[PDB]
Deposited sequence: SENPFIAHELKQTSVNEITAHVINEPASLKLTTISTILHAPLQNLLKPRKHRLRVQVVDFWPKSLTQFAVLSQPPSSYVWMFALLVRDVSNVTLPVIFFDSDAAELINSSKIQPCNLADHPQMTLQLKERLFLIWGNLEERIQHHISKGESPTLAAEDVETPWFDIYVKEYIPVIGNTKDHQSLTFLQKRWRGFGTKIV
């Protein structure tokens, strides 16, 4: 599990735990560190990686990476707004209507290639073939990198299904 030179993390004192530990004494906000591989993502079109926040045309980054740890368990990690900008780490790649920006979409693809390798290609391959996108993960080797996540419960009883995780302090280089 040798991490890519292509992903740098912010200076932090958090130590390495596992996704198994995260899921298995109260439910307050937590801050974890993981050594991880991307196994899936949402949404399936990179064209939809930025959404409209404020009309008429103000967009923000919003997507999720399904990540997998040494302990063979997955976690959906949300990259939103400034944290997603941190990851993308590119002046020329900005939130907008991506369908209207083919060149920038290609640039996004190329940048995200550095964190998930041929995952996107394979996911799209399966969609066109009429097969499940989850097949893609086992087709390819995706790179390893350290990731920071902030655990929290947004306002949408109160169970674990109600927790969300958000990536941060992680940049593609």
Deposited residues absent from the coordinates (by C-alpha): 1-15, 40-43, 176-182
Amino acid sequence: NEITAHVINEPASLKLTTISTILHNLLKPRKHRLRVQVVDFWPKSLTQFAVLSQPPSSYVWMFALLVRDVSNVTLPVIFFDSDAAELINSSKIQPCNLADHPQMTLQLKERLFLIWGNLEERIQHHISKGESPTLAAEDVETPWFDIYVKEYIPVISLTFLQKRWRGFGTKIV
From here on, numbers count along this sequence of modelled residues.
Stretch with the greater mean C-alpha B-factor as recorded in the entry, comparing 48-56 against 122-130: 48-56
28-36 set against 109-117, stretch whose average Cα temperature factor tops the other in the entry: 28-36
Within-chain third of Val70 by Cα B-factor, per the entry: highest
